[PDB]
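Below you'll find the structure, written out as structure tokens, and then a few comments.
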Amino acid sequence: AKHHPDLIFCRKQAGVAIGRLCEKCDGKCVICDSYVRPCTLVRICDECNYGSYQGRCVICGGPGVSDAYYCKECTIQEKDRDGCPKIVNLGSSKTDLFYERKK
Amino acid sequence: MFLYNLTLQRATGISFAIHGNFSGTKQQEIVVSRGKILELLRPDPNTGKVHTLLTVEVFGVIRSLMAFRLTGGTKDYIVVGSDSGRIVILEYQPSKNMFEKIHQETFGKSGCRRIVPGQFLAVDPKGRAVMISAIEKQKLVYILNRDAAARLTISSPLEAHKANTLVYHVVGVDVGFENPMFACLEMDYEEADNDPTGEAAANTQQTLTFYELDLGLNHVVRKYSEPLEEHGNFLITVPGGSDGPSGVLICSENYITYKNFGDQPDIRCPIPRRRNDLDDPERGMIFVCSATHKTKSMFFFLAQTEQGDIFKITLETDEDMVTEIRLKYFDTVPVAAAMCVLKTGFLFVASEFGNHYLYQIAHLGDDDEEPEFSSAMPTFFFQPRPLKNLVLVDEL
Amino acid sequence: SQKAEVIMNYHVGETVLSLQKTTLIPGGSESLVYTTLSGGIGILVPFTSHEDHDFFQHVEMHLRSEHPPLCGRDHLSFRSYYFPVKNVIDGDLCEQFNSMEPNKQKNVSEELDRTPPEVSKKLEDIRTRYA
Amino acid sequence: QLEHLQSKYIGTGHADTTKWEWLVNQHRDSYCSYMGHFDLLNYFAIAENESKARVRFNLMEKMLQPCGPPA
Amino acid sequence: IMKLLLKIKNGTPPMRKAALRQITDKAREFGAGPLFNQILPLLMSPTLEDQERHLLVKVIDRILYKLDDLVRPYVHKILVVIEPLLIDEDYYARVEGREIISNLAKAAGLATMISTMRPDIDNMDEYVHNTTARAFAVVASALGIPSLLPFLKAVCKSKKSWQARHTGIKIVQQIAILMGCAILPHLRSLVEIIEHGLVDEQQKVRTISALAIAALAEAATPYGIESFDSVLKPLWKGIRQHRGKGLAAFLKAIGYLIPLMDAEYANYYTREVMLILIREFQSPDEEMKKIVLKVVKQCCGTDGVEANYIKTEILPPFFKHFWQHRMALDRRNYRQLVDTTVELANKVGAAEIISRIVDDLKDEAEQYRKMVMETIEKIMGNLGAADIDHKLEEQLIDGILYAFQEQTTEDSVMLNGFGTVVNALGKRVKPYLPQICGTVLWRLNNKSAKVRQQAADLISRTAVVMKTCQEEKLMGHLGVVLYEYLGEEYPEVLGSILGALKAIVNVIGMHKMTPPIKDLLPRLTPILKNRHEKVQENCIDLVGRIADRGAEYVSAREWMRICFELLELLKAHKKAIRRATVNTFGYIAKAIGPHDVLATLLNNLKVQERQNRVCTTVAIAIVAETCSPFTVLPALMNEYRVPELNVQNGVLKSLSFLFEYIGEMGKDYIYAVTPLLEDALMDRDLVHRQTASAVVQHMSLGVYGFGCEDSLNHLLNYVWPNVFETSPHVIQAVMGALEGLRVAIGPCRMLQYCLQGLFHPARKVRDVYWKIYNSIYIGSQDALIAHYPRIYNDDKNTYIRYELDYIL
RNA sequence: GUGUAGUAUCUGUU
RNA sequence: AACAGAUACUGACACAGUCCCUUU
Ligand SMILES: [Zn+2]
Ligand SMILES: [Zn+2]
Ligand SMILES: [Zn+2]
């Protein structure tokens, strides 16, 4: 997601695994969050696709439902040839929201 | 104002001319690579004429080309490294007369870059792994395997990066059912970019390095690294395992050397010089290309010189230890960028500038009038003469 | 002071050492014949109608869409290697239609609102006229 | 973060970058490009009577220490 | 500093954030010493709830990131305070402690922290030992394990006490647990370190060594069998000579080791362990039972074993000893038994297990019914229904309806199982459909409004199979009944009914829908005002479906009323409703002319709600896309002239969205919007330039390849002077616009622009020019090769590429 | 309505 | 210039989420 500067990409060398998206993140681009013209499949590194993490959401980590894709603009800009777009951080909004809810 | 591009004649300049069994039959074909055109040729085994079957265009710059076959298989494949940051495996279809893409994997950006692999395409002699490398710092290893449905599969790439290094040539080492290994002509530049005086630019020499692919642990590690004497330009793979020994032949200026890891004293043989040569003695002398004709009875190498002389290298060895290298003058042909010797006794010469020729080997050139040269003998000279071991049958 | 405007760009992929405009076949139209350092001989020809231009552009777009380059390159990115392509339609990609599989042939032709024989004739007519 | 992406790639500079190393990168990339394309190598091998293997070897040799020693 | 910490501890979010920024930036200069001296007691203060602890660990993370070297004399206290956070029941707390310790490790010498943690290794407390082991695990995960291998090798053989060896093996196990498959290159060293403890004599070290080797085998699932070669015989002896906990640990280790081997080793070792497994099936302890269940499922899921072999030995005792009702209490045994049964079904076949279990499918117990329901549902999901015969499917149908008709409480398990079974059967469920319809209708009738929603979900699930079975009359009757049921009060049941209606409408077309849409849409109109998420979602999807495909049966005045309803609905707190709303606006603007809808949307750009205006702009762009752009573009450009700032921002954002939506057919509208973009890009306000840069980026990416560089050059000339800004959002917009223009125009023009200030004397300009140059360089450097400028060489350095000057 | 990152413009005290 | 207060704005930013190793 491009709306949170704190998040961090893994972007290691990609493997043969295919990324997945949950219900909330379905139909989006893993780089810019765009609903227009999915173009190319998303692949992730074998460290991300291991054990419990297998078949989870690329963006937030929820249960995987549908495949991930790159939008046409990212493919034109060759932003797809950069490594696994899996997010490794947990974010500041999520933890604070959880703590506020569990107040 | 719009224009429409058309072509009347395609490029006829060969750059890579690998050979193998692509039709799945007992007949061998040649896959030549123009600048951007992929073409497949079948020489007539009775009249010697060369025919063309497929002339597909790929819309890209082909930088490397090699073929392999899986152990126990009959049909070879084609591996392509190009300006696109992908590696592609192809397969010929005699029924449909087309090339089918079997696999493709992306590893980086596009274009002929410095730190994006695609220059060198070494492959394992048995067919268990393939390696793609860049001129600098980037080397990736893929593992090939077969499934229960008789189809090839590919694994995730394994990285073997190395900072501040340059690669001259990469070849696969015939290890004989052991862990696959790759040999490269590396050369470092870290310190030379930090010496204002400039002597660190000198005293820097190439190092021959071996990369062993650990199948059990699924990672690649470099084991041996020995400095060299001269600067090599390309390597040759020596058939090993059950037939012949392992190791690689290193070609340098005015020399040829055999090296092998573990325990081996290297053997060097100087390149014979032409008799009554009119050239300036200041310049050196190197090889340009080579070939291999391994066979059940024995194996021999071929090599092409700058002047255009074909030598015939034969390795003499003990039960398992190599002793000397024996060079002999075979014939002379126009300078070529790639040579290939097939069964039935044919030689295909892909000239780097001009027409292409096909020769038939009538004699192997042994114990003939001309003498032989050896590393055991304590600057040899030879007299070039018209063709004796070759007969021209076709011209392209 | 005064500057000239670029009206066309292309990337042949092979160094060109001769450009010369003349007529090749008697009774035809003149064209810009060029020859390259690798041994290729090509021509560049203009369209005789706007409908032809739009038709060929749409055919090229569809073939680029469904018939990608064999070695994994991007055709538009290849033709824009140094400068973005301008006002040139690649005829080799367009003529690659004639050797494609029948299912894809009918699919593309129906997207063209034509039958495959009509597309073949239309592609052949310009070549047999200019060359 | 954009700066992590650009840091890894080899060739990128920053504020405290000198001219010699910038042109060294330019020359190395130019040599690699010459090695890459084919017809440009044909041009170089026709302009001077040298085989393509010799031209490739010379270009590889020039990769170490181009543009002279540093300051 | 104390005031800032107190303000962060409690207060309003704005002043809290301000105090956080101050106590970061200025307190870095103030010093780390007093900072920690005042912060640590707050976290170590007892009886403190989690909010203050989270805020304090956040501020410590920030100051530690900004102050790296100065925290060296405080690592002991930082570990004391943070280390208990490693053991917690909260995933977030565990994670945050993990990166806290990782950042501290990366900001301190490894030897320093190793020496700090040495005195705490020799302890027997369940807290200190485990926390220290996990701290060592995360520290070794950072910095690379080879830097810690010699220390572990030394400490595993310590003769001061056995507990040092126990801690070493536990550290290895925790490293395997946390670091994962990133240990494969260094497997043999750890195996050699732990095998000595494996072959030891004390029970504790034997058990911990077995656990660590199981963890290593689990880390290396497909690889490493050769590295596991000095431990096979100790395990195959220990299984026979041990009872109790050690036997369980050895069984776990061998079960994890089994999948790695080849076929012959697999079958030999799996029977050699099958003897003890069959012996241990009747173990009174539940932990041993779940362990042997895991082991047997691992053995079954291996290439080595054989279907008939498993059928002849494993199946009878397993079914006799495990398929009972006493195990239903615990969740772990529930999961393990269900998954093991599913894996066995995958191995031998679906029928061989379904025929065994369908008989007791309808057992009087409820938990047993849940168990069989889940097992059958998973088996049907994987295998399907090709292996089921006539009698088997009849029994399955009778059992599933009998179980579903007796629903004590709310349970998604039975509904999911019924849906999976009916979907798997397919056409074969045709004779059973009327009974299902009658039962679901009866369950939908009344009864406390708790089963009606389940019936609605069930019919929404089975509508597709009734469609494939050619039973349109029954689903039409169900649809009309749901139509009279549209007026009930409870929100969840209403949402379920709406979902069922939407499913039916999708299944059977609107041309022959038994309740006509002319009566359905006016009924649905007042429902949209219900401020509940569950109702609103399904209502808006149904309305959008009707608008998209059944727009022929509705009058324009009704469309205008529902358009006002959608304008109200654009205020929802959830994004899916807003996306559905904008799609409905697009469908309506397709149904009618794009004039009445445009006026309503254009008048909504003054609601003083940021997300509402963004949604309205997206809706305007969707209308402009579904209709032809030139119909609505003059209206937007005229609307741009309103003196209000938000209206202009909305117009610019709508233009950006429209240019993103239309890629190729957007070159015909560059001229129309060029003067407006030039006006927007003027240095008066930041947001105008930001949004104009976004428009430029999207347009340049869209028109790429079609030769529109002439106007793009002018737009570049107008957008370039904005790169010397400081606000991050404008910076991001400008960089995106520059990248898009580089793609559309070419690297030569951008290189010419950035080539002048690349060596500027000012330090604050070179960095910006270098960022721009790096962005240009990473993409298409091979063109930069041909676009470089000629440099004249110096006295000692050659700067001219003489190879390009050769002439033939 | 609330919380997570940022930004701009005004006013008071040194 | 520093401290503090107030008012506006951007990010198709988010809304019982759920934790998916927590080890003997
Ligand atoms: Zn990753
Ligand atoms: Zn998600
Ligand atoms: Zn995208």
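By order in the structure tokens, chains are A, B, ...; within a chain, residues start at 1; ligands start at 1, following the order shown.
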
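Using only C-alpha atoms, we find that the part of chain B lying within 7 Å of chain C comprises residues 1, 2, 3, 4, 5, 6, 7, 8, 9, 10, 11, 12, 13, 58, 59, 60, 84, 86 and 88 of chain B.
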
Write a file of the just-selected residues containing N, CA, C and O atoms, as a PDB file, in the first residue's frame.
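Resulting contents of again_35.pdb:
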ATOM      1  N   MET B   1       1.222  11.305 -40.869  1.00  0.00           N
ATOM      2  CA  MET B   1       1.815  10.502 -41.932  1.00  0.00           C
ATOM      3  C   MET B   1       2.384   9.206 -41.373  1.00  0.00           C
ATOM      4  O   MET B   1       3.425   9.204 -40.717  1.00  0.00           O
ATOM      5  N   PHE B   2       1.692   8.103 -41.636  1.00  0.00           N
ATOM      6  CA  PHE B   2       2.078   6.804 -41.108  1.00  0.00           C
ATOM      7  C   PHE B   2       2.754   5.967 -42.185  1.00  0.00           C
ATOM      8  O   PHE B   2       2.352   5.988 -43.351  1.00  0.00           O
ATOM      9  N   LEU B   3       3.787   5.234 -41.784  1.00  0.00           N
ATOM     10  CA  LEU B   3       4.531   4.355 -42.669  1.00  0.00           C
ATOM     11  C   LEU B   3       4.368   2.906 -42.228  1.00  0.00           C
ATOM     12  O   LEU B   3       4.011   2.616 -41.083  1.00  0.00           O
ATOM     13  N   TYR B   4       4.636   1.993 -43.158  1.00  0.00           N
ATOM     14  CA  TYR B   4       4.439   0.566 -42.945  1.00  0.00           C
ATOM     15  C   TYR B   4       5.738  -0.158 -43.262  1.00  0.00           C
ATOM     16  O   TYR B   4       6.173  -0.177 -44.418  1.00  0.00           O
ATOM     17  N   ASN B   5       6.347  -0.757 -42.243  1.00  0.00           N
ATOM     18  CA  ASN B   5       7.642  -1.405 -42.398  1.00  0.00           C
ATOM     19  C   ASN B   5       7.477  -2.801 -42.983  1.00  0.00           C
ATOM     20  O   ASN B   5       6.668  -3.596 -42.498  1.00  0.00           O
ATOM     21  N   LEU B   6       8.245  -3.097 -44.029  1.00  0.00           N
ATOM     22  CA  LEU B   6       8.260  -4.413 -44.647  1.00  0.00           C
ATOM     23  C   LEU B   6       9.702  -4.859 -44.848  1.00  0.00           C
ATOM     24  O   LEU B   6      10.632  -4.050 -44.810  1.00  0.00           O
ATOM     25  N   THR B   7       9.880  -6.161 -45.060  1.00  0.00           N
ATOM     26  CA  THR B   7      11.196  -6.743 -45.281  1.00  0.00           C
ATOM     27  C   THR B   7      11.181  -7.589 -46.545  1.00  0.00           C
ATOM     28  O   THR B   7      10.231  -8.337 -46.790  1.00  0.00           O
ATOM     29  N   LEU B   8      12.241  -7.468 -47.340  1.00  0.00           N
ATOM     30  CA  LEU B   8      12.416  -8.276 -48.541  1.00  0.00           C
ATOM     31  C   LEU B   8      13.403  -9.417 -48.342  1.00  0.00           C
ATOM     32  O   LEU B   8      13.185 -10.517 -48.857  1.00  0.00           O
ATOM     33  N   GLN B   9      14.487  -9.175 -47.609  1.00  0.00           N
ATOM     34  CA  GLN B   9      15.465 -10.197 -47.266  1.00  0.00           C
ATOM     35  C   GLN B   9      15.824 -10.079 -45.795  1.00  0.00           C
ATOM     36  O   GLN B   9      16.074  -8.980 -45.294  1.00  0.00           O
ATOM     37  N   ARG B  10      15.841 -11.214 -45.108  1.00  0.00           N
ATOM     38  CA  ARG B  10      16.188 -11.252 -43.698  1.00  0.00           C
ATOM     39  C   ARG B  10      17.701 -11.312 -43.525  1.00  0.00           C
ATOM     40  O   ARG B  10      18.448 -11.604 -44.463  1.00  0.00           O
ATOM     41  N   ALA B  11      18.148 -11.026 -42.305  1.00  0.00           N
ATOM     42  CA  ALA B  11      19.573 -11.045 -42.012  1.00  0.00           C
ATOM     43  C   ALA B  11      20.143 -12.442 -42.215  1.00  0.00           C
ATOM     44  O   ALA B  11      19.495 -13.446 -41.910  1.00  0.00           O
ATOM     45  N   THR B  12      21.365 -12.501 -42.742  1.00  0.00           N
ATOM     46  CA  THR B  12      22.053 -13.762 -42.992  1.00  0.00           C
ATOM     47  C   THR B  12      23.393 -13.819 -42.263  1.00  0.00           C
ATOM     48  O   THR B  12      24.360 -14.388 -42.772  1.00  0.00           O
ATOM     49  N   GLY B  13      23.460 -13.232 -41.073  1.00  0.00           N
ATOM     50  CA  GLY B  13      24.675 -13.256 -40.285  1.00  0.00           C
ATOM     51  C   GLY B  13      24.554 -14.120 -39.047  1.00  0.00           C
ATOM     52  O   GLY B  13      23.843 -13.767 -38.102  1.00  0.00           O
ATOM     53  N   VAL B  58      11.902 -13.297 -33.281  1.00  0.00           N
ATOM     54  CA  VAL B  58      11.669 -13.224 -31.842  1.00  0.00           C
ATOM     55  C   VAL B  58      11.565 -11.800 -31.316  1.00  0.00           C
ATOM     56  O   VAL B  58      11.172 -11.621 -30.151  1.00  0.00           O
ATOM     57  N   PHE B  59      11.898 -10.788 -32.118  1.00  0.00           N
ATOM     58  CA  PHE B  59      11.824  -9.383 -31.713  1.00  0.00           C
ATOM     59  C   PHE B  59      12.625  -9.127 -30.433  1.00  0.00           C
ATOM     60  O   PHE B  59      12.100  -8.672 -29.416  1.00  0.00           O
ATOM     61  N   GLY B  60      13.917  -9.425 -30.505  1.00  0.00           N
ATOM     62  CA  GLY B  60      14.799  -9.179 -29.378  1.00  0.00           C
ATOM     63  C   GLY B  60      16.230  -9.483 -29.754  1.00  0.00           C
ATOM     64  O   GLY B  60      16.514 -10.033 -30.820  1.00  0.00           O
ATOM     65  N   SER B  84      15.648  -9.214 -22.746  1.00  0.00           N
ATOM     66  CA  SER B  84      14.581  -9.293 -21.761  1.00  0.00           C
ATOM     67  C   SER B  84      15.078 -10.025 -20.521  1.00  0.00           C
ATOM     68  O   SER B  84      15.808 -11.014 -20.616  1.00  0.00           O
ATOM     69  N   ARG B  86      14.380 -12.349 -18.779  1.00  0.00           N
ATOM     70  CA  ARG B  86      13.748 -13.649 -18.614  1.00  0.00           C
ATOM     71  C   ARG B  86      14.600 -14.720 -19.277  1.00  0.00           C
ATOM     72  O   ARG B  86      15.362 -14.451 -20.209  1.00  0.00           O
ATOM     73  N   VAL B  88      14.079 -18.448 -21.175  1.00  0.00           N
ATOM     74  CA  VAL B  88      13.018 -19.138 -21.897  1.00  0.00           C
ATOM     75  C   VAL B  88      13.540 -20.482 -22.383  1.00  0.00           C
ATOM     76  O   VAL B  88      14.665 -20.575 -22.887  1.00  0.00           O
TER      77      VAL B  88
END

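Residues from chain E found within 9 Å of chain A are residues 50, 51, 54, 92, 95, 180, 181, 182, 219, 576, 660, 661, 698, 701, 702, 739, 740, 743 and 779 of chain E, counting only C-alpha atoms.
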
Which residues in chain A does DSSP call strand (DSSP E)? List them as number ranges by chain. A: 17-18, 20-21, 38-41, 43-44, 66-67, 69-71

Output the neighbourhood of ligand 2 as a compact mmCIF listing (two decimals) with C-alpha atoms, in the first residue's frame, that is, all protein and nucleic acid residues with some atom at most 8 Å from the ligand, counting only C-alpha atoms (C1' of nucleotides) and all ligand atoms.
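Here's the written file out.txt:
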# COMPACT_ATOMS: atom_id res chain seq x y z
CA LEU A 21 -5.46 -11.74 -1.83
CA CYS A 22 -8.18 -11.83 0.83
CA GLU A 23 -11.75 -10.61 0.36
CA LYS A 24 -11.04 -7.02 1.44
CA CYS A 25 -8.02 -6.61 -0.86
CA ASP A 26 -9.51 -8.48 -3.83
CA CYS A 57 -2.90 -12.21 1.78
CA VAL A 58 0.02 -10.28 0.31
CA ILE A 59 -1.06 -6.90 1.67
CA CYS A 60 -2.53 -7.46 5.14
CA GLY A 61 -2.01 -11.15 5.91
CA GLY A 62 -5.59 -12.41 5.97
CA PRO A 63 -6.71 -15.75 4.55
CA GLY A 64 -6.13 -15.95 0.82

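Pocket residues of ligand 1, taken as those with any atom at most 8 Å away using only C-alpha atoms (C1' of nucleotides) and all ligand atoms, are residues 9, 10, 11, 12, 13, 14, 44, 45, 46, 47, 48, 49, 83, 84, 85, 86, 87 and 88 of chain A.
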
Please identify all residues of chain E having at least one atom at most 10 Å from any atom of chain D, considering only C-alpha atoms, and return them as number ranges by chain. E: 758-760, 762-771, 773-778, 781-786, 788, 791, 793-794, 796-801, 803-804, 806-808

Dump of N, CA, C and O atoms for the selected residues, as a compact mmCIF listing (two decimals), in the first residue's frame:
# COMPACT_ATOMS: atom_id res chain seq x y z
N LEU E 758 23.26 18.87 -11.57
CA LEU E 758 23.78 17.64 -10.99
C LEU E 758 25.07 17.86 -10.21
O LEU E 758 25.43 17.02 -9.38
N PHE E 759 25.75 18.98 -10.45
CA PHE E 759 26.97 19.36 -9.73
C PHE E 759 26.85 20.78 -9.20
O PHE E 759 27.82 21.54 -9.18
N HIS E 760 25.66 21.16 -8.76
CA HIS E 760 25.44 22.50 -8.25
C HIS E 760 26.18 22.70 -6.93
O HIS E 760 26.26 21.78 -6.12
N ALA E 762 25.33 24.25 -4.25
CA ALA E 762 24.49 24.11 -3.07
C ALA E 762 24.21 22.64 -2.78
O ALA E 762 23.97 21.84 -3.69
N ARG E 763 24.24 22.29 -1.50
CA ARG E 763 24.05 20.90 -1.09
C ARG E 763 22.59 20.47 -1.17
O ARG E 763 22.31 19.29 -1.40
N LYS E 764 21.66 21.40 -1.01
CA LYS E 764 20.23 21.08 -0.98
C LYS E 764 19.62 20.95 -2.37
O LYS E 764 18.43 20.65 -2.47
N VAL E 765 20.40 21.18 -3.42
CA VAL E 765 19.92 21.02 -4.79
C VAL E 765 20.48 19.76 -5.43
O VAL E 765 19.79 19.09 -6.22
N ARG E 766 21.73 19.41 -5.10
CA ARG E 766 22.35 18.23 -5.67
C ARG E 766 21.61 16.96 -5.27
O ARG E 766 21.48 16.04 -6.08
N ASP E 767 21.13 16.89 -4.03
CA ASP E 767 20.43 15.69 -3.59
C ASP E 767 19.13 15.49 -4.37
O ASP E 767 18.81 14.36 -4.76
N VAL E 768 18.38 16.57 -4.61
CA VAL E 768 17.15 16.46 -5.39
C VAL E 768 17.46 16.05 -6.83
O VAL E 768 16.82 15.15 -7.39
N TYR E 769 18.46 16.70 -7.44
CA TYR E 769 18.83 16.32 -8.80
C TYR E 769 19.32 14.89 -8.87
O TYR E 769 19.08 14.20 -9.87
N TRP E 770 19.98 14.41 -7.82
CA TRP E 770 20.49 13.04 -7.82
C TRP E 770 19.36 12.03 -7.63
O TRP E 770 19.40 10.94 -8.21
N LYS E 771 18.35 12.37 -6.83
CA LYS E 771 17.18 11.51 -6.73
C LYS E 771 16.49 11.38 -8.09
O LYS E 771 16.13 10.28 -8.53
N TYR E 773 17.88 11.86 -11.02
CA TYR E 773 18.76 11.13 -11.92
C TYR E 773 18.73 9.63 -11.63
O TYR E 773 18.78 8.82 -12.56
N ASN E 774 18.68 9.24 -10.36
CA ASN E 774 18.60 7.82 -10.02
C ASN E 774 17.31 7.21 -10.53
O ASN E 774 17.31 6.10 -11.08
N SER E 775 16.19 7.93 -10.38
CA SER E 775 14.93 7.44 -10.91
C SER E 775 15.00 7.27 -12.42
O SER E 775 14.49 6.28 -12.96
N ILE E 776 15.63 8.21 -13.12
CA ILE E 776 15.78 8.09 -14.56
C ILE E 776 16.71 6.93 -14.92
O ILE E 776 16.50 6.22 -15.91
N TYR E 777 17.76 6.73 -14.12
CA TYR E 777 18.82 5.78 -14.46
C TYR E 777 18.38 4.34 -14.26
O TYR E 777 18.75 3.47 -15.05
N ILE E 778 17.62 4.07 -13.20
CA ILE E 778 17.21 2.69 -12.93
C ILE E 778 16.39 2.13 -14.08
O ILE E 778 16.53 0.96 -14.46
N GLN E 781 18.55 2.26 -18.68
CA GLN E 781 19.91 2.80 -18.71
C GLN E 781 20.58 2.58 -20.06
O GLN E 781 21.48 3.35 -20.44
N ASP E 782 20.17 1.55 -20.79
CA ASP E 782 20.77 1.28 -22.09
C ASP E 782 20.48 2.38 -23.10
O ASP E 782 21.24 2.55 -24.06
N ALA E 783 19.39 3.14 -22.91
CA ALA E 783 19.17 4.33 -23.71
C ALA E 783 20.06 5.48 -23.24
O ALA E 783 20.57 6.26 -24.06
N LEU E 784 20.26 5.59 -21.92
CA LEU E 784 21.21 6.57 -21.40
C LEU E 784 22.59 6.37 -21.99
O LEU E 784 23.35 7.33 -22.13
N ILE E 785 22.92 5.12 -22.36
CA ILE E 785 24.20 4.86 -23.02
C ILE E 785 24.34 5.72 -24.27
O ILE E 785 25.37 6.36 -24.49
N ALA E 786 23.31 5.74 -25.11
CA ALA E 786 23.36 6.52 -26.34
C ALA E 786 23.01 7.98 -26.14
O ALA E 786 23.22 8.78 -27.06
N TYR E 788 24.23 10.02 -23.62
CA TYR E 788 25.16 10.73 -22.74
C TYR E 788 25.85 11.88 -23.46
O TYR E 788 26.06 11.83 -24.67
N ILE E 791 32.20 14.58 -22.99
CA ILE E 791 33.03 15.20 -21.97
C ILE E 791 34.45 15.30 -22.49
O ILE E 791 34.99 14.34 -23.04
N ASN E 793 38.38 15.45 -22.01
CA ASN E 793 39.21 14.76 -21.03
C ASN E 793 40.15 15.72 -20.31
O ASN E 793 40.42 16.84 -20.76
N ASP E 794 40.63 15.27 -19.16
CA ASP E 794 41.50 16.05 -18.30
C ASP E 794 42.96 15.74 -18.65
O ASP E 794 43.24 15.00 -19.60
N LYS E 796 45.25 14.00 -17.00
CA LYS E 796 45.66 12.64 -16.69
C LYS E 796 44.59 11.59 -16.93
O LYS E 796 44.92 10.40 -16.97
N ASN E 797 43.33 11.98 -17.10
CA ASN E 797 42.22 11.05 -17.22
C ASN E 797 41.59 11.16 -18.60
O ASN E 797 41.30 12.27 -19.06
N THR E 798 41.38 10.02 -19.24
CA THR E 798 40.71 9.97 -20.54
C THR E 798 39.21 9.88 -20.32
O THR E 798 38.72 8.94 -19.69
N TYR E 799 38.47 10.86 -20.84
CA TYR E 799 37.03 10.94 -20.63
C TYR E 799 36.24 10.82 -21.93
O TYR E 799 35.02 11.01 -21.91
N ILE E 800 36.89 10.50 -23.04
CA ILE E 800 36.25 10.46 -24.35
C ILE E 800 36.13 9.01 -24.79
O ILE E 800 37.11 8.25 -24.72
N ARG E 801 34.93 8.62 -25.22
CA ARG E 801 34.68 7.27 -25.73
C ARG E 801 35.00 7.27 -27.22
O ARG E 801 34.14 7.53 -28.07
N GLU E 803 35.53 4.95 -29.27
CA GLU E 803 34.99 3.88 -30.11
C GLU E 803 33.80 4.34 -30.93
O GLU E 803 33.59 3.85 -32.04
N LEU E 804 33.00 5.28 -30.41
CA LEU E 804 31.83 5.77 -31.12
C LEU E 804 32.18 6.71 -32.27
O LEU E 804 31.32 6.98 -33.11
N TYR E 806 34.46 6.10 -34.60
CA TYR E 806 34.94 5.38 -35.77
C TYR E 806 33.97 5.57 -36.93
O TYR E 806 32.76 5.60 -36.75
N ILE E 807 34.53 5.71 -38.13
CA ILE E 807 33.74 5.95 -39.33
C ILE E 807 34.16 4.95 -40.40
O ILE E 807 35.36 4.79 -40.66
N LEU E 808 33.18 4.29 -41.00
CA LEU E 808 33.45 3.35 -42.09
C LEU E 808 33.59 4.10 -43.41
O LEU E 808 34.30 5.10 -43.50

Which residues come within 12 Å of residue 641 of chain E, counting only C-alpha atoms (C1' of nucleotides), excluding same-chain residues fewer than 6 positions away, as a VMD selection string? chain E and resid 634 to 635 647 to 652 676 679 to 680

Find the residues near residue 712 of chain E: any atom within 8 Å, counting only C-alpha atoms (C1' of nucleotides), skip ones fewer than 6 places away on the same chain, and give them as a VMD selection string. chain E and resid 700 741 745

Dump C-alpha atoms for the selected residues as an mmCIF file, in the first residue's frame?
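Done, and the output landed in result_36.cif:
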data_model
loop_
_atom_site.group_PDB
_atom_site.id
_atom_site.type_symbol
_atom_site.label_atom_id
_atom_site.label_comp_id
_atom_site.auth_asym_id
_atom_site.auth_seq_id
_atom_site.Cartn_x
_atom_site.Cartn_y
_atom_site.Cartn_z
ATOM 1 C CA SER E 700 1.262 10.596 -19.842
ATOM 2 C CA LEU E 741 6.687 11.815 -18.444
ATOM 3 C CA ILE E 745 8.642 11.182 -23.797
#

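Between chain E and the candidates C:58, C:21, C:67, C:114, the tightest atom-to-atom separation, counting only C-alpha atoms, involves C:58.
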
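Between atom CA of residue 121 of chain B and atom CA of residue 246 of chain B lies a distance of 19.8 Å.
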
Near segment 8-23 of chain G, counting only C-alpha atoms (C1' of nucleotides), which residues have an atom at most 9 Å away, once you skip same-chain residues fewer than 6 positions from it, shown as a count of residues only? 42

Pick out the residues sitting within 10 Å of residue 234 of chain E, and hand them over as a count of residues only; count only C-alpha atoms (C1' of nucleotides), and ignore anything fewer than 2 positions along from it in its own chain. 12
